[PDB]
C-alpha cells in the first residue's frame, strides 16, 4: 500500500499506470492525489505521503528541507496547450500574441483576427508546475512578459481554476475562454491552439512535437532541467519533464514497495503507454538515470 500526492500535469497517466501496477503479483497499491506541485512538495517535505510529484523541480536550496534526503526522478514528459473554447476559430498564435494573451493584454478575439467575442483568460489559482513551465516559456518568448516564472505568478487579469482540471473546466464552460493546460486535458470541447516555435512553424501539442522539445535537455545533479523555448525543428515550444519525489532514507517497510512502483513505471512496458494520453515516453540517457536514481533509495 502507498500514497502519492502532487502534480495534476501527469495525473491522468500516473492513475492509469498505478491501476496497471496494482494487478501485478506483489505490486503495491498506490493512491495518487492530484493537488498540484506546490501542495505535493509540502506533502513531501511534511512527510505525509510516501512520495511526491512535481513539474516544478527541487534544487540544492530546498533539499535542505528534506531531512531524509531527496531522490528526484523524471517520470514522464508532456506539452502545455493554449486550450480554448471558440468553435470555428482556428487559432494560430505567434510567440508575441501568446505572451499578450497570457499577460491580459488581449481582451477580444478580434485582436487575434477571429470574430468579435469577449476573451476570458484562465490561469491557475493554486501552486502549479504547469504554471512554472508555462511562465518559463512566456518569459523566454518575449520581454513583453514581465511576470517572471514560478509555480505562481502575479497574473494581471483573468479567472482562476484549481488544478489543470479546474482550468480546463472554466474553458469548457466559458465561450471565448482560453487558458493553459497539459495536453492530456485537450478533450471534449477544449481545443489546442497551434503555437509558433523558434523555427517558425505553428504546431499543436503531440507526442512527436513534445519529444522533439525534450530531446536536448541536459539534466542537472538532481535530474532537473528545462527547455523553455526549443530551437529544435518540429519542437512544440511549451514542454516540460515532471518528477517524482522520493525519500532517500526513512521509507522503512515501504522501501521495497516504493522501489518496485517506480521501477515498474520506468519500465519500457509502462513508458510505452504514455502516448495514449499525449505524454512523452522517456528513453535514452534520461530514462537510464531515472532507473539509476530509483536504485539508490534506502
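Numbering follows the first chain given and starts at 1.
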| note | Stretch with higher mean Cα temperature factor, 1 to 9 vs 287 to 295, is 287 to 295
| said: Mean Cα B factor from the PDB record: higher for 68 to 76, or higher for 107 to 115? | reply: 107 to 115
| task | Would you mind finding, among 212, 191, 124, 132, the residue with the largest C-alpha temperature factor in the entry? | result | 191
| Highest Cα B-factor in the deposition, which of 249, 242, 37, 33? | 249
| How does residue 161 rank on Cα B-factor within its chain, lowest, middle or highest third? | middle
| residue 216 CA temperature factor, ranked by third within the chain | highest
| request: Please rank the C-alpha B-factors of the chain's modelled residues and tell me whether residue 229 sits in the lowest, middle or highest third. | output: lowest
| remark: On the chain's distribution of Cα B-factors, residue 179 falls within the third called lowest
| query | Once the chain's modelled residues are ordered by C-alpha B factor and cut into thirds, is residue 91 in the lowest, middle or highest one? | reply | highest
